$ cat protein08.txt   # compact mmCIF, C-alpha atoms
# COMPACT_ATOMS: atom_id res chain seq x y z
CA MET A 1 90.58 116.71 97.42
CA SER A 2 93.58 116.14 99.70
CA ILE A 3 94.17 113.08 101.91
CA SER A 4 92.49 113.39 105.33
CA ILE A 5 93.59 111.46 108.41
CA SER A 6 91.67 110.78 111.63
CA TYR A 7 93.61 109.47 114.63
CA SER A 8 93.00 108.60 118.29
CA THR A 9 94.90 110.95 120.64
CA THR A 10 96.59 107.78 121.95
CA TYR A 11 98.80 107.98 118.78
CA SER A 12 99.35 111.83 118.68
CA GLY A 13 103.15 111.46 119.03
CA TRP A 14 103.68 108.49 116.65
CA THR A 15 104.98 108.82 113.08
CA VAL A 16 102.62 107.45 110.45
CA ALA A 17 105.39 104.99 109.33
CA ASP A 18 105.95 103.67 112.92
CA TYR A 19 102.19 103.35 113.48
CA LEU A 20 101.63 101.40 110.17
CA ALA A 21 104.65 99.09 110.73
CA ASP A 22 103.48 98.35 114.33
CA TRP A 23 99.78 97.91 113.43
CA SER A 24 100.70 95.60 110.50
CA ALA A 25 102.95 93.47 112.79
CA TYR A 26 100.02 93.28 115.33
CA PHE A 27 97.52 92.27 112.59
CA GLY A 28 100.13 89.89 111.18
CA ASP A 29 99.64 87.70 108.10
CA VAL A 30 96.37 85.84 107.55
CA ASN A 31 98.10 83.48 105.02
CA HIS A 32 95.52 84.16 102.23
CA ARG A 33 97.65 82.80 99.36
CA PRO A 34 98.00 79.76 97.08
CA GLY A 35 99.09 76.59 98.83
CA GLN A 36 97.75 77.73 102.23
CA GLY A 37 94.42 77.00 103.91
CA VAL A 38 91.84 79.58 102.86
CA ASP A 39 88.48 79.38 104.68
CA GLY A 40 86.03 81.68 106.44
CA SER A 41 88.78 82.57 109.01
CA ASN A 42 90.91 84.41 106.42
CA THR A 43 88.78 85.45 103.39
CA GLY A 44 87.36 88.63 104.89
CA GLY A 45 84.06 89.93 103.48
CA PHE A 46 82.42 92.56 101.29
CA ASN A 47 79.53 94.87 102.01
CA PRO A 48 77.22 94.13 100.31
CA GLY A 49 79.13 91.25 98.63
CA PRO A 50 79.54 88.58 97.67
CA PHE A 51 82.47 89.72 95.50
CA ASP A 52 81.96 93.52 95.35
CA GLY A 53 81.20 96.32 97.74
CA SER A 54 81.64 99.76 99.20
CA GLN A 55 83.67 97.98 101.95
CA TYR A 56 86.07 95.04 102.20
CA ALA A 57 86.87 94.06 105.81
CA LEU A 58 89.14 91.49 107.39
CA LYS A 59 89.97 90.49 110.98
CA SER A 60 93.43 89.22 111.99
CA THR A 61 93.89 85.54 112.83
CA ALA A 62 96.71 86.57 115.28
CA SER A 63 95.02 89.34 117.36
CA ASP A 64 91.79 91.46 117.67
CA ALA A 65 93.21 93.78 114.88
CA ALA A 66 91.01 94.44 111.81
CA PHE A 67 90.84 96.80 108.87
CA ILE A 68 88.14 98.17 106.59
CA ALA A 69 88.86 99.25 103.00
CA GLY A 70 86.25 101.69 101.69
CA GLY A 71 85.40 102.78 98.14
CA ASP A 72 83.97 100.87 95.15
CA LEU A 73 85.85 97.55 95.31
CA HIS A 74 85.67 94.36 93.21
CA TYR A 75 87.21 90.89 93.45
CA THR A 76 87.72 88.77 90.32
CA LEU A 77 87.95 85.37 92.10
CA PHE A 78 88.85 82.94 89.23
CA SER A 79 88.08 85.43 86.39
CA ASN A 80 90.95 86.86 84.28
CA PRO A 81 92.97 88.39 85.86
CA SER A 82 92.56 85.84 88.69
CA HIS A 83 92.33 86.88 92.40
CA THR A 84 92.49 90.66 91.72
CA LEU A 85 91.05 93.25 94.13
CA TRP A 86 90.46 96.39 92.04
CA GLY A 87 88.33 99.55 91.74
CA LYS A 88 88.31 102.76 93.81
CA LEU A 89 90.01 102.78 97.25
CA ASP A 90 88.86 105.94 99.06
CA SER A 91 89.73 104.95 102.66
CA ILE A 92 91.53 102.53 105.01
CA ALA A 93 90.40 102.27 108.66
CA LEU A 94 92.66 100.43 111.15
CA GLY A 95 91.93 99.30 114.67
CA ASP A 96 90.55 96.49 116.76
CA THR A 97 87.24 94.61 117.02
CA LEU A 98 85.43 94.35 113.68
CA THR A 99 81.63 94.54 113.95
CA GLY A 100 78.80 94.45 111.46
CA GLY A 101 78.80 93.37 107.87
CA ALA A 102 76.43 93.34 104.92
CA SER A 103 73.38 92.33 107.02
CA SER A 104 74.01 95.35 109.37
CA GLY A 105 74.41 97.76 106.38
CA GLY A 106 78.12 98.09 107.03
CA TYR A 107 81.29 97.10 108.86
CA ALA A 108 82.69 99.16 111.73
CA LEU A 109 85.55 98.94 114.20
CA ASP A 110 84.64 99.06 117.93
CA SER A 111 88.14 100.53 118.50
CA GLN A 112 89.08 102.55 115.40
CA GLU A 113 92.60 103.93 115.89
CA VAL A 114 93.49 105.60 112.56
CA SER A 115 91.73 106.25 109.22
CA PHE A 116 93.17 107.52 105.95
CA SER A 117 90.51 109.05 103.71
CA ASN A 118 90.36 110.83 100.30
CA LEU A 119 93.05 108.40 99.07
CA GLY A 120 91.81 108.84 95.48
CA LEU A 121 93.23 105.46 94.42
CA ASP A 122 91.62 103.88 91.34
CA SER A 123 93.06 100.68 89.85
CA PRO A 124 91.55 99.22 86.68
CA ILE A 125 90.87 95.48 86.35
CA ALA A 126 93.45 95.26 83.52
CA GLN A 127 96.39 95.84 85.90
CA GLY A 128 95.52 92.63 87.81
CA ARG A 129 97.54 92.03 91.00
CA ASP A 130 100.00 94.74 89.86
CA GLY A 131 97.30 97.37 90.57
CA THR A 132 98.04 99.74 93.42
CA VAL A 133 94.66 99.00 95.16
CA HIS A 134 95.42 95.25 95.13
CA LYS A 135 99.04 95.75 96.43
CA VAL A 136 97.84 98.11 99.24
CA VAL A 137 95.14 95.75 100.50
CA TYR A 138 97.03 92.46 99.96
CA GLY A 139 99.95 94.03 101.87
CA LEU A 140 97.71 94.62 104.88
CA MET A 141 96.32 91.04 104.60
CA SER A 142 99.92 89.71 104.49
CA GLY A 143 101.73 91.56 107.32
CA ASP A 144 103.37 94.18 105.09
CA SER A 145 102.20 97.84 105.14
CA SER A 146 104.94 98.98 102.65
CA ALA A 147 102.55 99.61 99.72
CA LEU A 148 100.09 101.58 101.92
CA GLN A 149 103.03 103.56 103.40
CA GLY A 150 104.26 104.43 99.87
CA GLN A 151 100.81 105.73 98.80
CA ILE A 152 100.27 107.78 101.97
CA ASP A 153 103.81 109.19 101.58
CA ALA A 154 103.03 110.29 97.97
CA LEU A 155 99.63 111.78 98.92
CA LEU A 156 101.14 113.78 101.83
CA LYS A 157 104.04 115.07 99.64
CA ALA A 158 101.49 116.13 96.96
CA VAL A 159 99.77 118.39 99.61
CA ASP A 160 103.23 119.69 100.67
CA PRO A 161 106.76 118.22 100.20
CA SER A 162 107.54 118.81 103.92
CA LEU A 163 104.86 116.28 105.02
CA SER A 164 105.65 112.58 104.89
CA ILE A 165 105.10 109.26 106.60
CA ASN A 166 107.90 110.34 108.98
CA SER A 167 105.60 113.18 110.25
CA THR A 168 103.78 112.54 113.54
CA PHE A 169 99.97 112.59 113.60
CA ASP A 170 100.08 115.77 115.73
CA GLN A 171 102.39 117.44 113.08
CA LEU A 172 99.91 116.41 110.34
CA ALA A 173 97.03 117.90 112.44
CA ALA A 174 99.01 121.18 112.77
CA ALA A 175 99.56 121.05 108.91
CA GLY A 176 95.72 120.78 108.43
CA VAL A 177 95.56 117.21 106.95
CA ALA A 178 94.74 115.28 110.18
CA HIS A 179 92.18 115.50 113.01
CA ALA A 180 92.49 113.95 116.52
CA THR A 181 89.62 111.97 118.16
CA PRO A 182 89.36 111.60 121.96
CA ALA A 183 90.70 108.31 123.42
$ encode --input "protein08.txt" --output "structure tokens"
Amino acid sequence: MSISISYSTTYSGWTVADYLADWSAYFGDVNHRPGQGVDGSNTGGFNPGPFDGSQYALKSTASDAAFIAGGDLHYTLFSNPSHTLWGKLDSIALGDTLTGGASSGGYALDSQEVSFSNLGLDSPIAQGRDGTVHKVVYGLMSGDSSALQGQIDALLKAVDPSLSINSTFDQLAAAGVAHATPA
């Protein structure tokens, strides 16, 4: 089934590309890479975890921004191929104010702005950090929504070549692939 998008009416008139570039700049870069400090402020977490879950969530170290990746996700840690996030990525939820976690039975956003669902992304462990799931999520961790934008653009064009990340949310709701939520 086709990509589905939920959006707050606050963002009705934004293009998907402008929204993702702006949100990613607001979230910023948590600096989760070799040669940087990595600690409980920038690892994120899995539900249920420790290294696998139906959700991976991370809060910004620069703002109240957070995201939740949903599907059937796995992290290799030191195991070949090292530091790979792989598996099935069904959804990305973007907003502010991460709540919950494994002990609550799930993460949530107190202010969810936009979700992309039915992404249908499935990256095998063998692709390592070249897997699309890894690139999408690591991009969001790192201040760069370009991989997510490219996958949304392809999913929209697959529904109809007239739809793209340059469509507004309201245009995508008219097209039948998005749904507004009251702000």
$ residues_around --input "protein08.txt" --residues "residue 158 (chain A)" --least-positions-apart "3" --cutoff "12 Å" --atoms "only C-alpha atoms" --output "list in words"
residues 1, 2, 3, 119, 151, 152, 153, 154, 155, 161, 162, 163, 164 and 177 of chain A
$ write_last_selection --input "protein08.txt" --atoms "C-alpha atoms" --output "PDB file, in the coordinates of the input"
ATOM      1  CA  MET A   1      90.580 116.710  97.420  1.00  0.00           C
ATOM      2  CA  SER A   2      93.580 116.140  99.700  1.00  0.00           C
ATOM      3  CA  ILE A   3      94.170 113.080 101.910  1.00  0.00           C
ATOM      4  CA  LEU A 119      93.050 108.400  99.070  1.00  0.00           C
ATOM      5  CA  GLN A 151     100.810 105.730  98.800  1.00  0.00           C
ATOM      6  CA  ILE A 152     100.270 107.780 101.970  1.00  0.00           C
ATOM      7  CA  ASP A 153     103.810 109.190 101.580  1.00  0.00           C
ATOM      8  CA  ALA A 154     103.030 110.290  97.970  1.00  0.00           C
ATOM      9  CA  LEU A 155      99.630 111.780  98.920  1.00  0.00           C
ATOM     10  CA  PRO A 161     106.760 118.220 100.200  1.00  0.00           C
ATOM     11  CA  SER A 162     107.540 118.810 103.920  1.00  0.00           C
ATOM     12  CA  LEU A 163     104.860 116.280 105.020  1.00  0.00           C
ATOM     13  CA  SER A 164     105.650 112.580 104.890  1.00  0.00           C
ATOM     14  CA  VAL A 177      95.560 117.210 106.950  1.00  0.00           C
TER      15      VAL A 177
END
$ closest_residue --input "protein08.txt" --among "A:43, A:82, A:31, A:171" --to "residue 142 (chain A)" --atoms "only C-alpha atoms"
A:31
$ atom_distance --input "protein08.txt" --atom1 "CA of residue 116 (chain A)" --atom2 "CA of residue 66 (chain A)"
14.5 Å
$ residues_around --input "protein08.txt" --residues "residue 49 (chain A)" --least-positions-apart "4" --cutoff "8 Å" --atoms "only C-alpha atoms" --output "ChimeraX atom specification"
/A:45,53,102
$ residues_around --input "protein08.txt" --residues "residue 113 (chain A)" --least-positions-apart "4" --cutoff "8 Å" --atoms "all atoms listed in the file" --output "list in words"
residues 7, 8, 11, 93, 94, 95 and 96 of chain A
